[PDB]
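J.: Please see the structure below; I have some questions.
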Amino acid sequence: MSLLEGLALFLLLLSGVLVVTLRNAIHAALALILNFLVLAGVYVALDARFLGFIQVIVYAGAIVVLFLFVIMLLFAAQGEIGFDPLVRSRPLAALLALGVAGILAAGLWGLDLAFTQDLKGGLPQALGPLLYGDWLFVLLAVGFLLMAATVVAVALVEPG
Amino acid sequence: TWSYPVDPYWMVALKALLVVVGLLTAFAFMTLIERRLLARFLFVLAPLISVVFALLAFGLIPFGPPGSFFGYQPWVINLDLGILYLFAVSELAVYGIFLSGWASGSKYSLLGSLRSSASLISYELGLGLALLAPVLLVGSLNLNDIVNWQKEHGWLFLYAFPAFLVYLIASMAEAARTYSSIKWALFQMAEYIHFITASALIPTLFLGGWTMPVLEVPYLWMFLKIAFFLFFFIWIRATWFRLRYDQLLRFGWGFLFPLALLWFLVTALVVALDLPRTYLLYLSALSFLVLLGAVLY
Amino acid sequence: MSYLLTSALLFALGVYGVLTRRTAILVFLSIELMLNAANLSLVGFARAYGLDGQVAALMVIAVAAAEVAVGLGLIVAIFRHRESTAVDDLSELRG
Amino acid sequence: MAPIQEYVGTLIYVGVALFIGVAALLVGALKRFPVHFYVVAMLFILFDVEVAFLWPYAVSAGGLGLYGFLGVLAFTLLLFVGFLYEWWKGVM
Amino acid sequence: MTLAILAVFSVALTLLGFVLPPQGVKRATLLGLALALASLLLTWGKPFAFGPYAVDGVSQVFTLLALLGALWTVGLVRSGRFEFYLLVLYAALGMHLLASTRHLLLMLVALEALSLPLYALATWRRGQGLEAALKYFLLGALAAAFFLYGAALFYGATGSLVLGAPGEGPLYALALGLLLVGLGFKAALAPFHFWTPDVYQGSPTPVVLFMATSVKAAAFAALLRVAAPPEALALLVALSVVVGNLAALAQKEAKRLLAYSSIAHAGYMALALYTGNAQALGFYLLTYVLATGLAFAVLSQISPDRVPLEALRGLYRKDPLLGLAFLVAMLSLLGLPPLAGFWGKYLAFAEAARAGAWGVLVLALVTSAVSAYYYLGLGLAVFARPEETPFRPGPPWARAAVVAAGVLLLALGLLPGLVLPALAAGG
Ligand SMILES: CCCCCCCCCCCO[C@@H]1O[C@H](CO)[C@@H](O[C@H]2O[C@H](CO)[C@@H](O)[C@H](O)[C@H]2O)[C@H](O)[C@H]1O
Numbered sequence: 001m002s003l004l005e006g007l008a009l010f011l012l013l014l015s016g017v018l019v020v021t022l023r024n025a026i027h028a029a030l031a032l033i034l035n036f037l038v039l040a041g042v043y044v045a046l047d048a049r050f051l052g053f054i055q056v057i058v059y060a061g062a063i064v065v066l067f068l069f070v071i072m073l074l075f076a077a078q079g080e081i082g083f084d085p086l087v088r089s090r091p092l093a094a095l096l097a098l099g100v101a102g103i104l105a106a107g108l109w110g111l112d113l114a115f116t117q118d119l120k121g122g123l124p125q126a127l128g129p130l131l132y133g134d135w136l137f138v139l140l141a142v143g144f145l146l147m148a149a150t151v152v153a154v155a156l157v158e159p160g
Numbered sequence: 002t003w004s005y006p007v008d009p010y011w012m013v014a015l016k017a018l019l020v021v022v023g024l025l026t027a028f029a030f031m032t033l034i035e036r037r038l039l040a079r080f081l082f083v084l085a086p087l088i089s090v091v092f093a094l095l096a097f098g099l100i101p102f103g104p105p106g107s108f109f110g111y112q113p114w115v116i117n118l119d120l121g122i123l124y125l126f127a128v129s130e131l132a133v134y135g136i137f138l139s140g141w142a143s144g145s146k147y148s149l150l151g152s153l154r155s156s157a158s159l160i161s162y163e164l165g166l167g168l169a170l171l172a173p174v175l176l177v178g179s180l181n182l183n184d185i186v187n188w189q190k191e192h193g194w195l196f197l198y199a200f201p202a203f204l205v206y207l208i209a210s211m212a213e214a215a216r217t236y237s238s239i240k241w242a243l244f245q246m247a248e249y250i251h252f253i254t255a256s257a258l259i260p261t262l263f264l265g266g267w268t269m270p271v272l273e274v275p276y277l278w279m280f281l282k283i284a285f286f287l288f289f290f291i292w293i294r295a296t297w298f299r300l301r302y303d304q305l306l307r308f309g310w311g312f313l314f315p316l317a318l319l320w321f322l323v324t325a326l327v328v329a330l331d332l333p334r335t336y337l338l339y340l341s342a343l344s345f346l347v348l349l350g351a352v353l354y
Numbered sequence: 001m002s003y004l005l006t007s008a009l010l011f012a013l014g015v016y017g018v019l020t021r022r023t024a025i026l027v028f029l030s031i032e033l034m035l036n037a038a039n040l041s042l043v044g045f046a047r048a049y050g051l052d053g054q055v056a057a058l059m060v061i062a063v064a065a066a067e068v069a070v071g072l073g074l075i076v077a078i079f080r081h082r083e084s085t086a087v088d089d090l091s092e093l094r095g
Numbered sequence: 001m002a003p004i005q006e007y008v009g010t011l012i013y014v015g016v017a018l019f020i021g022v023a024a025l026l027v028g029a030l055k056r057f058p059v060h061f062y063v064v065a066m067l068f069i070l071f072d073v074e075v076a077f078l079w080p081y082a083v084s085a086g087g088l089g090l091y092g093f094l095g096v097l098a099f100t101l102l103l104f105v106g107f108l109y110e111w112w113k114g115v116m
Numbered sequence: 001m002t003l004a005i006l007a008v009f010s011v012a013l014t015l016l017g018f019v020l021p022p023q024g025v026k027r028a029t030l031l032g033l034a035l036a037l038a039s040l041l042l043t044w045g046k047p048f049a050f051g052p053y054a055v056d057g058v059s060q061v062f063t064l065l066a067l068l069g070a071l072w073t074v075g076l077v078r079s080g081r082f083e084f085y086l087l088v089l090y091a092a093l094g095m096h097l098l099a100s101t102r103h104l105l106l107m108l109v110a111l112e113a114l115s116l117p118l119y120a121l122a123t124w125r126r127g128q129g130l131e132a133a134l135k136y137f138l139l140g141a142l143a144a145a146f147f148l149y150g151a152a153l154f155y156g157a158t159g160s161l162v163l164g165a166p167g168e169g170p171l172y173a174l175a176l177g178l179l180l181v182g183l184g185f186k187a188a189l190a191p192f193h194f195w196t197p198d199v200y201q202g203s204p205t206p207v208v209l210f211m212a213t214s215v216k217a218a219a220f221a222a223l224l225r226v227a228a229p230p231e232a233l234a235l236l237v238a239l240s241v242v243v244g245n246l247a248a249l250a251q252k253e254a255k256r257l258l259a260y261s262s263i264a265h266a267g268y269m270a271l272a273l274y275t276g277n278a279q280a281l282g283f284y285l286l287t288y289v290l291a292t293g294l295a296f297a298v299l300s301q302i303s304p305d306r307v308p309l310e311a312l313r314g315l316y317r318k319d320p321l322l323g324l325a326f327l328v329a330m331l332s333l334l335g336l337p338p339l340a341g342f343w344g345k346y347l348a349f350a351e352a353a354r355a356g357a358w359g360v361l362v363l364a365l366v367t368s369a370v371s372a373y374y375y376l377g378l379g380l381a382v383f384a385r386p387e388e389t390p391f392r393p394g395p396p397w398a399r400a401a402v403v404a405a406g407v408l409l410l411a412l413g414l415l416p417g418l419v420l421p422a423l424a425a426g427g
């Protein structure tokens, strides 16, 4: 439990810190893939297994790949150079971040929950009947969202 | 992975090591075969990745019934979600590819790397749409369940022949063609490793990998099937090959990938309506008759 | 529980990202990290309340993807021929 | 389904593979630019999603019957209307 | 089912538009929107509950108005790129979904469904339009993030992702706040309103019409579903009203002034939320969508890219009926009797006072009186001497549109006992 958990969560927070800190877009995104890897790990540890594998495959594997293709196809890490810094903002961003952290910590305190569910390792064998079942409307709506999304994205480029 | 035993971690690690060095020497032999037949942070990190994730996921492939690796397990790791693991490890080598492309700092170094990256991603993805259809029949994502299903009900390519076609065709088309001294060596190594991995995977899934009706010897059968498809792969390598990728993408999507998932819905309809399993034997036989008899024109 | 707090911390980190990041793509990235913090929290609470939260988190991932398609599409579109991607380069519309 | 041991095993396997990678490395010691490559990358990130939904069906499928199948069919057809769009739109 | 019509038409038109001329596709989307609308009118008082999907009075009224905005916005956009109608259909369905569920996650899906194609519609490809699209998108996606984390915290504090779940202590509150962030952003309530002026000024005008009416409508429909607490409600109100009108004073450009006007108006509308009357809110938004729709149609007939206020002047001489209808719109948006806008404002104020929110209410009333500065500065400006101003005097389409929708206003100012009897459950 705590043995691995400490290392895992520390690595999580560290990874996030990097992805918001690094000044190299490639390096940043990369750190975010590290994040997603560790995250899929944690999902596995949290009895959400299929979700974890989708986390590697879709999020780490595919999405941040699109991000990388894009920052590479324009320019990455050399975009931030400009020096219109607003460094009076950095401690304000840091402070506001600490505030948005503190409020959530507060809301999460005093929560006594039974994290004991039989959620049989997030396998798609148990996930399926819900998805094409009680979730089928939301599923289909999501599908439509994907269609509209691709039509948008294509029409959002479309040279000529 | 219930009904399937678990080895002590020391044995898992040791087996893993053996598998890696065996894959490496296999690769060495392979390159020698083809040559006798023809008679800053990212620059470092990228091939590391491509080699790591290539070596990963030959382990799932079972080489025999449990207890038969001298008291132990023919595989390295077994995994309930078998087929997704393969997909996952396959994306990341490609990561390494396009990353090394960006690393060079030269136009077309990158661009080209993106071409090969994109195409590998395309066909690798196609393999999934292929593998849906037979997973419908097995009803499991675990490779041992797949294989043993082929022991009992028999060789999946009989039921999922179209899917077998797009799987074989795609995974084979991967082999086709399109300081820096070491880089190319490392990359090519990764690629070949992936190739022999496929040469094991095709038999494991659509055929009955190991697990013959007759003789029932654990390793030798999988090794022979592997050697077969691997031979075909080397034949593809030595003659070189050209597809140039404008027509490869078009063909890939426009034919293979629609076909793969169209077939998925056919076998889906069959499994949902429970009919028999026979309708897919019949269908695959017929589709084979067309997709062969229309070649022999 | 121990995880939930990490989720909140991550979301905060992403907020810091958005507020700090100078270029469009990286602001967007920080947003993606936020989304993921939300997802993790959904997993923890799914483990408390029984599995619906996993399906939830998966749907979430899909959605995220859709808006990544559209969002990057937009970023590429607007800044293609245009120079540096620093998001404050567009200040024409003033209150 | 699977014993948790084998995920740890997976990770160990990864460790070995990585170490060997490092080893081999140390033996090494011995206009329009986006459009195409963007569109056909985005469509990857969409098909990954599609498949990420198809897998849960493919396993529990016959259990879900004709209405489950109908659902997966509708889904597939929607997304394929999308793909058919960006195909009939052209990608080059 | 309305959803059926919308789905069918959208998916069909996607591929049919390859085989159809853009104009024919406009005819299509028009017919489809109209059919959805008609299906709505024919089932008035049906309540049809499916899955997470639920069509009640709220869904009926608010998707009626949203569909009206889609209809009007499609009317004006002859420009041939079949997607520039398709996306409007996409958005329309999405807004319907948004108004039709208490399910937080489906709600999120609906939010992306409507707001993703709008990021695209902000493109008349104008350099300013691109800026608008970019701002709208970034701020939008962040708001999305907040709404999602809110849903996860809602599912935290209660076993459900459905609104109507009993609700805990602190975590529940934190959840509702985190929801109100995204939902509030989407309705342009302060302090989540920043995007509105830039986006309204930047986007192509008919698109802006579509936004300021339909989007706001669906947004508030979804806000009725939230259990919005008195405190947060007060904050949102006061800030939105003040910033709305006061900032609206400094505006020298028409569209932007109307954006700020919409911020203040969202502020007034939120009062109905105090009781969550929905009969009040419905009426208010009927008057608002009518008058705003009118105003933006008129502002379309001048310039799509941008309109300075001087352009409005002399409008009466040019077209008498557009001048009159525009004045009427300005007065109904002022909330001056006997116009329907006054009845809407009154009906929201009524719920504020009924709820016993007196200070907030009064504040709203004071700054509402302030708002008479700029609403008159337009409606009156109708009669001024014309500066050399662009004017395309419209088709029978738009003239009869602005005129009829305008007449409707004082029609319901005199007789709100016509439409008000059943903006409720439908009886
Ligand atoms: C292309 C355009 C896309 C737009 C979206 C269209 C989606 C329509 C598909 C509807 C199928 O979705 C599915 O429908 C059924 C019944 O309605 C739901 O079932 C649910 O509602 C019913 C009725 O109140 C309950 O009896 C039942 O206990 C519950 O599980 C299920 O949760 C949902 O997930």
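Here the protein sequences line up with chains J, H, K, A and N, keeping their order. When the first sequence is numbered by the authors' numbering, its final residue is 160 and no position is left out of the sequence of numbers. As numbered in the authors' numbering, residues 2 to 40, 79 to 217, 236 to 354 make up the second sequence, in order. When the third sequence is numbered by the authors' numbering, its final residue is 95 and no position is left out of the sequence of numbers. As numbered in the authors' numbering, residues 1 to 30, 55 to 116 make up the fourth sequence, in order. When the fifth sequence is numbered by the authors' numbering, its final residue is 427 and no position is left out of the sequence of numbers. Cβ atoms here follow ideal geometry from the backbone N, Cα and C, with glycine treated the same way.
1. Tell me which residues of the region 81-115 of chain A have at least one Cβ-Cβ distance to chain N shorter than 9 Å, keeping chain order.
2. Under 7 Å Cβ-Cβ, which residues of chain A neighbour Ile239/H?
3. Whole angstroms is fine: what's the gap from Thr2/N's alpha carbon to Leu35/N's?
4. Out of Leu111/N, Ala133/N and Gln201/N, point me to the one whose CA is closest to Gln251/N's CA.
5. Can you say whether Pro58/A is buried or exposed, counting buried as having 16 or more other CB atoms within 10 angstroms of its CB?
6. Assign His265/N to buried or exposed, taking buried as 16 or more other Cβ atoms, counted over all protein chains shown, within 10 Å of its Cβ.
7. Kindly identify the DSSP beta-bridge partner or partners of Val162/N.
8. Give me, in chain order, the residues of the same chain whose beta-carbon lies closer than 7 Å to that of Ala8/J; leave out the 5 immediate sequence neighbours on both sides.
9. Under 8 Å, Cβ to Cβ, is there at least one residue of chain A near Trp3/H?
10. Please report how far the alpha carbon of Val44/J lies from the alpha carbon of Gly52/J, in whole angstroms.
11. Would you tell me roughly how many angstroms separate the C-alpha atoms of residue 428/N and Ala400/N, rounded to the nearest one?
12. Under the three-state reduction of DSSP, which class applies to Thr116/J: helix, strand or coil?
13. By the criterion of Cβ-Cβ separation under 9 Å, what are the contact partners of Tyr7/A in chain J?
14. Between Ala142/H and the rest of its own chain, which residues show a CB-CB distance below 7 Å, the 5 nearest in sequence each way excluded?
15. Where does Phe62/N fall in DSSP's three states?
16. Quick check on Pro260/H: does DSSP put it in helix, strand or coil?
17. Count the other CB atoms within 10 Å of the CB of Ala62/K; is the residue buried (16 or more) or exposed (fewer)?
18. Return the residue from the list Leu337/H, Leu322/H and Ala199/H that minimises the CA-CA distance to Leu78/A.
19. Whose C-alpha, out of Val157/J, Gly160/J, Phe144/J and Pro159/J, is nearest the C-alpha of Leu70/A?
20. Rounded C-beta distance between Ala325/N and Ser332/N? I'm assuming under 8 Å.
21. Would you say the beta carbon of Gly51/N is closer than 7 Å to some non-hydrogen atom of ligand 1?
22. Is it true that the CB of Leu180/N sits closer than 8 Å to the CB of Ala151/N?
23. Going by C-alpha to C-alpha distance, which of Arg317/N, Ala217/N and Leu139/N sits closest to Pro386/N?
24. Closest by CA to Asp89/K, which one among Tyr16/K, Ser2/K, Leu9/K and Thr23/K?
25. Keeping to the same chain, check which residues put their C-beta closer than 6 Å to that of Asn181/H; ignore five residues upstream and five downstream.
26. Please classify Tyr172/N: is it buried, with 16 or more other beta-carbons within 10 angstroms of its beta-carbon, or exposed?
T.: Here's the rundown:
1. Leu101, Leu102, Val105, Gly106, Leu108, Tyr109, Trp112 and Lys113
2. As a first step, residue 239/H is located in the second sequence; it is residue number 182 there, counting from the start. Correct list: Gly28.
3. On the fifth sequence, residue 2/N is found 2 positions in, with the first residue counted as 1. On the fifth sequence, residue 35/N is found 35 positions in, with the first residue counted as 1. Rounded to the nearest angstrom, the two C-alpha atoms are 8 Å apart.
4. Reading the fifth sequence from its first residue, position 251 is the one you call residue 251/N. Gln251/N has its Cα closest to that of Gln201/N, out of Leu111/N, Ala133/N and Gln201/N.
5. If you number the fourth sequence from 1, residue 58/A lands on position 34. Looking at its Cβ environment, which holds 16 or more other Cβ atoms inside 10 Å, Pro58/A is buried.
6. One-based indexing of the fifth sequence puts residue 265/N at position 265. Classification for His265/N: buried.
7. Locating residue 162/N in the fifth sequence gives position 162, counting from the first residue. Beta-bridge pairing links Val162/N to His103/N.
8. Reading the first sequence from its first residue, position 8 is the one you call residue 8/J. Excluding residues within five positions, the ones whose Cβ falls inside 7 Å are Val38, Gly41 and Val42.
9. Walking along the second sequence from the start, residue 3/H turns up at place 2. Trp3/H counts as touching chain A.
10. The residue you call residue 44/J lines up with position 44 of the first sequence. The residue you call residue 52/J lines up with position 52 of the first sequence. C-alpha separation (whole angstroms): 6 Å.
11. With chain N covering 1 to 427 only, the question about residue 428/N has no answer from this structure.
12. Residue numbering aside, residue 116/J sits at position 116 when the first sequence is read from its first letter. Coil.
13. The sequence position of residue 7/A within the fourth sequence is 7, counting from 1. Result: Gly41, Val44, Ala45 and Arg49.
14. For this step, residue 142/H is matched to residue 103 along the second sequence. Here the set comprises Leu81, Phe82 and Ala85.
15. On the fifth sequence, residue 62/N is found 62 positions in, with the first residue counted as 1. Three-state DSSP puts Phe62/N in a helix.
16. Along the second sequence, one-based indexing puts residue 260/H at 203. DSSP places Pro260/H in helix when its eight states are reduced to three.
17. Start at 1 with the first residue of the third sequence, and residue 62/K comes out as number 62. It is buried - the Cβ of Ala62/K has at least 16 other Cβ atoms within 10 Å.
18. The sequence position of residue 78/A within the fourth sequence is 54, counting from 1. Out of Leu337/H, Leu322/H and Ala199/H, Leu322/H has the C-alpha closest to the C-alpha of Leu78/A.
19. Locating residue 70/A in the fourth sequence gives position 46, counting from the first residue. Checking every option, the nearest Cα to that of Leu70/A belongs to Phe144/J.
20. Within the fifth sequence, numbered from 1, the residue matching residue 325/N stands at position 325. Within the fifth sequence, numbered from 1, the residue matching residue 332/N stands at position 332. That pair is no contact at about 10 Å.
21. For the purposes of this step, residue 51/N is taken as residue 51 along the fifth sequence, with counting starting at 1. Within the cutoff, so yes.
22. As a position in the fifth sequence, residue 151/N is number 151, starting the count at 1. As a position in the fifth sequence, residue 180/N is number 180, starting the count at 1. Not in contact: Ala151/N and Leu180/N (Cβ atoms no closer than 8 Å).
23. Sequence index remark: in the fifth sequence, residue 386/N carries index 386 (1-based). With distances taken between Cα atoms, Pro386/N lies closest to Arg317/N.
24. As a working note, residue 89/K is residue 89 in the third sequence. The residue with the shortest Cα to Cα distance from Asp89/K is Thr23/K.
25. In the second sequence, counting from the first residue as 1, residue 181/H sits at position 142. So the list reads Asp119 and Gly121, once near-sequence residues are dropped.
26. For this step, residue 172/N is matched to residue 172 along the fifth sequence. Buried: at least 16 other Cβ atoms inside 10 Å.
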